[PDB]
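Visitor:
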Amino acid sequence: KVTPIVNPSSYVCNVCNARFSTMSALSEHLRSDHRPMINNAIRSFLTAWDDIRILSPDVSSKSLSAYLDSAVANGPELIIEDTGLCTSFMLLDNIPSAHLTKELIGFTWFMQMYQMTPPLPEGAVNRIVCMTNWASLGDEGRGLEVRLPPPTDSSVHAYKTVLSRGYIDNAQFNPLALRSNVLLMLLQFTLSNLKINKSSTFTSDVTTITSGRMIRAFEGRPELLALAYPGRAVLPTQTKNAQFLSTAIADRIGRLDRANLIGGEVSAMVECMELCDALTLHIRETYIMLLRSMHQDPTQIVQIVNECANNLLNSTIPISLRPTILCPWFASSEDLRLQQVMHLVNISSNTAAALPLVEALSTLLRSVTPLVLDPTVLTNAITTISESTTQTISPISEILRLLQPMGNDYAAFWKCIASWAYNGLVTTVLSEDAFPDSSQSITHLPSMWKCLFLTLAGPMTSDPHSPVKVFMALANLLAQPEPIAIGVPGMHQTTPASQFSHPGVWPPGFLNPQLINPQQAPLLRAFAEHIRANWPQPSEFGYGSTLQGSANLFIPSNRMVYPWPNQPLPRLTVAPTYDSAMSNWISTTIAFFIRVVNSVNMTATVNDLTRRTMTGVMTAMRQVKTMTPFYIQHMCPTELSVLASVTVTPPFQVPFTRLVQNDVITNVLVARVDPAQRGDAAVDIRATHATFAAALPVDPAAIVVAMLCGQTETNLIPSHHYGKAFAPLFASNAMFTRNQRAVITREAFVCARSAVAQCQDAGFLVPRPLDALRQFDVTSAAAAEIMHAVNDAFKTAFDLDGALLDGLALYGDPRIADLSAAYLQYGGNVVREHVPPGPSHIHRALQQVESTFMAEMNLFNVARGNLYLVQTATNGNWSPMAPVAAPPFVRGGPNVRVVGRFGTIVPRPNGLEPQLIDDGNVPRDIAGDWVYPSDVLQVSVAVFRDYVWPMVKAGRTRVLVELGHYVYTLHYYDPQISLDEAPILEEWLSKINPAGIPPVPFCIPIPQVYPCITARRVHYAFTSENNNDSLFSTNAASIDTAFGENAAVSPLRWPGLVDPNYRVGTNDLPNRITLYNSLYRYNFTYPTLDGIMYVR
Amino acid sequence: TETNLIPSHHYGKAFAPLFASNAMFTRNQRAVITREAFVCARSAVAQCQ
Amino acid sequence: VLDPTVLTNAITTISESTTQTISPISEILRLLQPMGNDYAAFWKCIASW
Ligand SMILES: [Zn+2]
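Residue numbers (the numbering used here), protein chains in the order written: chain A, 1 to 1096; chain L, 1 to 49; chain H, 1 to 49.
1. Is there a Cβ from chain A that is less than 7 Å from the Cβ of residue 6 (chain H)?
2. If you measure beta-carbon to beta-carbon, which residues of the region 761-795 of chain A are closer than 7 Å to chain L?
3. Mind listing which residues have their beta carbon within less than 5 Å of any non-hydrogen atom of ligand 1? Chain order is fine.
4. Mind checking whether the beta-carbon of residue 55 (chain A) lies closer than 6 Å to any heavy atom of ligand 2?
5. Determine the extent of the beta strand (DSSP E) in which residue 1018 (chain A) is found, giving its start and end residues.
6. Does DSSP put residue 328 (chain A) in a helix, in a strand, or in coil?
7. Could you give the C-beta distance for residue 14 (chain H) and residue 693 (chain A), rounded to a whole number, given that I count them as a contact under 8 Å?
8. On the criterion of 16 or more Cβ atoms from any shown chain inside 10 Å, does residue 467 (chain A) qualify as buried, or is it exposed?
9. Ignoring anything shorter than 4 residues or poking outside the region 3-48 of chain H, list the alpha helix (DSSP H) runs there in chain order.
10. Which ranges would you report for the alpha helix (DSSP H) in the region 560-641 of chain A if only whole runs of at least 4 residues count?
11. In chain A, which residues lie with their C-beta within 7 Å of the C-beta of residue 9 (chain H)?
12. Given that residue 994 (chain A) touches chain L, what residues does it touch there, using C-beta distances under 9 Å?
13. In chain order, which beta strand (DSSP E) runs of at least 3 residues are fully inside the region 499-545 of chain A?
14. For the pair the region 625-633 of chain A and the region 571-590 of chain A, tell me if three or more CB-CB distances fall below 8 Å.
15. Quick one: what does DSSP say residue 795 (chain A) is sitting in, helix, strand or coil?
16. Determine whether the Cβ of residue 34 (chain L) lies closer than 7 Å to any Cβ atom of chain A.
17. Let me see if you follow: with CB-CB separation under 7 Å, is residue 167 (chain A) close to chain L or not?
18. So what's residue 99 (chain A) in DSSP terms, helix, strand or just coil?
19. Could you check whether residue 1031 (chain A) and residue 1053 (chain A) sit closer than 7 Å to each other, using their CB atoms as the reference points?
20. So if I threshold CB-CB distances at 7 Å, which residues from the region 31-50 of chain A count as touching chain H?
21. Thinking C-alpha only, which one of A:604, A:773 and A:714 is nearest residue 572 (chain A)?
22. Given that residue 163 (chain A) touches chain L, what residues does it touch there, using C-beta distances under 8 Å?
23. Could you tell me the boundaries of the alpha helix (DSSP H) in which residue 28 (chain L) lies?
24. Can you round the beta-carbon distance between residue 427 (chain A) and residue 464 (chain A) to whole angstroms, since I take them to be within the 8 Å contact cut?
25. Straight-line CA distance for residue 1103 (chain A) to residue 844 (chain A)?
26. Can you give the beta carbon distance from residue 889 (chain A) to residue 899 (chain A), rounded, assuming they're within the 8 Å contact cut?
27. Kindly indicate which three-state DSSP category residue 1027 (chain A) falls into: helix, strand or coil?
28. Could you tell me which of A:132, A:532, A:1037 and A:124 sits nearest to residue 658 (chain A), measuring between CA atoms?
29. What are the boundary residues of the alpha helix (DSSP H) that residue 824 (chain A) is part of?
30. What are the start and end residues of the beta strand (DSSP E) that includes residue 455 (chain A)?
31. So with Cβ pairs under 7 Å, would you call residue 13 (chain H) a contact of chain A?
32. CB residue 875 (chain A) to CB residue 1027 (chain A), shorter than 7 Å?
33. Could you tell me the alpha carbon to alpha carbon distance between residue 178 (chain A) and residue 641 (chain A), rounded to whole angstroms?
34. On the three-state DSSP scale, how would you describe residue 949 (chain A)?
35. Please report the residue range of the beta strand (DSSP E) in which residue 930 (chain A) lies.
36. What residues from chain C crowd round residue 350 (chain A), counting only those whose CB sits closer than 9 Å?
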């Protein structure tokens, strides 16, 4: 059938044959027929339901925080431009004058009569309503917006954004969570409005209206050209707009100073005057000021890329001029720290998080390395030692059994290297199944060669208890010949060398080898002499660039500690040398186990000819010319300096420790909550912070193959081989993605911990401009909805996909959001290097919006001041929003009475009037002046409507409704027709719950153009404070308003258009908002790294 | 606790069925009967001995 | 209301619960076992005061 063109005028219920004029009437009556205990959950499911809103503070996604390599790899949208004009307030016409009942020729004049669109609205009520981006034709709008309906509508769905869905129904707003809902709208006002002002095109005004002024050329959209420029209005008749637009100064339009640089090239920054509020323009200019803060000039970003690549990459920049080159990619060193902790807060602090993170290096580490493992060399070094085959036990064959993995299993060496950048999260542990057991002796031959493989692979693994496990695995293995004293009791010498993972059970002989007697244990003192002398020195090196900064927390910035005494990278042909600390470590173990093999204990048991075989194997193993001693000292610290800034996470390091008892890093700790707000400032740091329990069981048999048998191509130039391998992973700007992440991680963190502490009472040191507003629910789960919604907005406005700000509610109390980090040493070093947020920009922007919200609350459909309910039966002008008289009966005045907490009428017998309990718990009579608090009237509303509200209609009492700030809904009527406000105002009383109130129905007459006869009418509701701050013009198309107020267009809104004393560049911004300002548009080109530099 | 909790409205909505019950009033009526049944029974075993 | 999911999200991240890890963890997995009569041992312990 044919599709319908118009909605049905009558809606059917089909249950009962009931006609409905409105679908909203059918929406309630179908809901009415659904309604014991069963129908209440059915009615509430249709009551508090809506999913059409963007923000979901009530949907608490449990453990959504999960770090991903692709989550940071998507950068946030920062460069969103605004080709249109940057105002947030459209001049909305509520009541056109065509809706006026009496119409005579010539009283009202329309521009539509002359085939022309008006610059200013033309009706009988013109409000200034907050509708963001109504004129913004910029590319790819910010997602979230706020679009308030005019005051004739309900205008409460913009104020149910948090703490309001399940608690109050649709027709109400929650006044005890009002400061939350208003401020979260202002965040939605700000982040919807973080655009870049872009100059479109500028033609000369060829026509006679301004005669040559460089007009904004809205080419394809003339319906916005007339609205951009009120100065180019045609003023045919004496419209009341034409009364105002006659005062428009002629040269306040178009561009003034095009700051161009290069002839032919697009200009840098024009300076034009057009229609814009003073508030959006402040949000735009602080966004460029944000966007310059991560900009660096191209002479300095080539120093960053070369220092990030350690100056072995061929990146050249042209030396010339480049006009418009915003390349915004540079978070400071402070902001990278704030993301790095936020990286560690999102993750699970077990081994489920570092184990993705190590192989992120180790995949790229094996991709670029020149070190080619080839285990044939150490095989050919051992199988070419001579052994008589007549023996029962072969020391050649019984150690290649303990040497070969079946697969490759050689990337575990490269995971062992890649864990050095991540020793804060994970500590690689010697694999417990590779320790020799506490059953076999030193005469048992494969048990000894395990202890060689542990001692060689000792300094590779980053566990702080590695050398005590190396020392004990031999001290276990010769407990019968050489006994010593082992620490506290319960840990004996035959404890199987894996349970010595605590610093308290290091033996005293290992700390001081003088405590081991050479006359008792000569072979075991010399192994304590071995480890304390030859264990490598924990050196350090730099990475990244000092200009960019780094996400180091405990290491000083742009540095990395390293468990080996490194040397800089050579650029000539390299050869395996024995000057390394590796070769110092390797040769002295073999020099120690040639002593153990040729000791007295092995002499009595092991045959002398097969003892020469073991000596011959290790001396062959010592003389294997392998490149890994040169590699770990020279070539490997270069690529751990390079890959530390191209992997998705910067290295989180904790300083290494060579055998110091008091400097063993027992725990590495990061908290989500500072110990000052909760009373935990003096307790142990393990109770205040969360700890990273991660470990990797590195197999030592695969390390010794990798360590003692590793070679490289003969003609290797290590600058060339690193310069060729690192080139595909610096050509893109994707390296700078985490800098764009870290600022948005900052700007969301500062603004969320503000928005929580704004809604608390005196939380962190944040300024509180909205503290006049009502906020009662300050609990954890209330503030959990606030931070989750701010998180829901920064993930929407910058439309990213990572996990920022999640996991700050892991413990469940985001009222205390402070990021700290620490590590405890066994001596009791309690470092606590905690990181505050940086000097953010959007937190300065929201703070300015909140300050200028308070001066113009009425502009956002929120009235301030109390509420008056007196019977005012008048005939003339009636202005509830602007009470021209003095506000009667202020609180505490002459015999004005304040109701106590219950709102309790006591009944009196035998014709006596019912008394009302006041604040002093005294029943006082109804007739008189009363003040009701808002919360008393929320629970006494049936007692109000039945006992003291009919006393208001009789005019014998007057009730003040004391409440701070409130959403108002205006109602209009033809004043020629009679009206009584009580059917309009009892509908307000009929929906006041104990949970929330509806917006307040003020009745206002439409201002008439004729001096017409007016009906006597009775009004009840009006306000005390002047709340008429959103009325733009009382009546526009008419020549003159007659009956209503003569509220013409205020020139205070427009200094930039009508004031001769207006200087370019001024605003009264904490006060009222100027709607026509001078500004700056931009023409930034957005180069890639190919547009900056050239990389071969 | 509840994500929208006011301790004044919740305790009023919770204690409201509790005061409609006459357990405050049955407690006093069973106590005055027990005492009258105590004294009549304390002396009924004391007069027989 | 008594909902352990704030604890349970905070405690399942830092736990491991693998076959080489059950022997320390298994006492507090019994804590996380959600089979309970809406935590009657708590409110019975208040009511005994
Ligand atoms: Zn029906």
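Backbone N, C-alpha and C fix where the C-beta goes; we use that ideal spot for every residue, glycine too.
Guide: With the given structure in hand:
1. yes
2. 776, 777, 779, 781, 782 and 785
3. A:13, A:15, A:16 and A:33
4. Ligand 2 is absent from the structure shown, which contains only ligand 1.
5. 1017-1023
6. coil
7. 7 Å
8. buried
9. Considered as a whole, the region 3-48 of chain H harbours 5-13, 22-32 and 40-47 as its complete alpha helix (DSSP H) runs of no fewer than 4 residues, in chain order.
10. Look at the region 560-641 of chain A and you find these whole runs of alpha helix (DSSP H), each 4 residues long or longer: 581-597, 601-605 and 608-622.
11. Here the neighbours are 62, 63 and 810.
12. 6, 9, 12 and 13
13. 540-542
14. The region 625-633 of chain A, when compared against the region 571-590 of chain A, does touch it at the 8 Å Cβ threshold.
15. If DSSP states are grouped into helix, strand and coil, residue 795 (chain A) belongs with the helices.
16. no
17. yes
18. helix
19. No. Outside cutoff.
20. none
21. Closest option to residue 572 (chain A), Cα to Cα, is A:714.
22. 3 and 4
23. 23-48
24. 7 Å
25. Given that chain A is displayed from residue 1 to residue 1096, the structure contains no residue 1103 (chain A) and the question cannot be resolved.
26. The pair is not a contact, with the Cβ atoms about 14 Å apart (cut-off 8 Å).
27. Residue 1027 (chain A): coil per DSSP, three-state reduction.
28. A:532
29. Residue 824 (chain A) -> not in any alpha helix (DSSP H); beta strand (DSSP E) instead, spanning 820-825.
30. That residue, residue 455 (chain A), is in no beta strand (DSSP E); its alpha helix (DSSP H) goes 445-456.
31. yes
32. no
33. 52 Å
34. helix
35. 929-933
36. Among the protein chains of the structure shown, namely A, L and H, there is no chain C.
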